[PDB]
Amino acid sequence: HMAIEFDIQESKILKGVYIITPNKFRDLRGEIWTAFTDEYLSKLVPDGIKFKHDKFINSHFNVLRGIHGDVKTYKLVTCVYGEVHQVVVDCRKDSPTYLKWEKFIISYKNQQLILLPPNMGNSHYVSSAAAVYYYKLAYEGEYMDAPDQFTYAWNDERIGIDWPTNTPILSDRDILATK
């Protein structure tokens, strides 16, 4: 049988961003795979800080969500249906790579989970008809909702993300940040 395996490597662009590739069992039915075990992936986050919250974000084609982060939250993110351009921005003002970025195109053929430490910009664009984005959160205290998060404009010129469109679907939050 297959053991649960995770390939783990750090980004060559953004210090403290990890790229995790699970193995999969494939057969005539489809696929089974493990996104997370405490035993293997709890080490991606400091001791005392627990993955205690799981979310799904379901978005249509051409939706762009971002760029969003908060001071508290370690994020393990992936796309479990469809295809997203996942873009991590370095939003640590102290970092020598502040406002550098790296793209992961996550889909049926590239199943990566991306580990974001706090003070990072998270963003994704939906290149498939629809996308199911899976989002694990590790944080102390209460959930950091939108009023406690920071926002950079998806198209901030200082960041210069290569997006597949100039005309994404945006929430009012993400529109407001472009002005």
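From 1 onward, residues are counted along the sequence shown.
Q: Between 148 to 156 and 123 to 131, which has the larger average Cα B-factor in the PDB entry?
A: It is 148 to 156.
Q: Using the B-factors recorded in the PDB entry, average over the C-alpha atoms of 62 to 70 and of 110 to 118, then report which stretch comes out higher.
A: Here the higher of the two C-alpha B-factor means belongs to 110 to 118.
Q: Highest Cα B-factor in the deposition, which of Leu137, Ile57, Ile49, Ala35?
A: So the option with the highest C-alpha B-factor is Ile49.
Q: What third of the chain, by the recorded C-alpha B-factor, contains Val17?
A: Tercile = middle for this residue's CA B-factor.
Q: What third of its chain, lowest, middle or highest, does the C-alpha temperature factor of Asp174 fall into?
A: Ranked within chain, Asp174 CA B lands in the middle tercile.
Q: Of the three thirds of its chain by CA temperature factor, lowest, middle or highest, which one includes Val84?
A: Within its chain, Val84 is a lowest-third residue by C-alpha B-factor, going by the deposited values.
Q: Quick check for you: using the entry's CA B-factors within this chain, is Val77 in the lowest, middle or highest third?
A: Lowest third of the chain for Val77's C-alpha B-factor.
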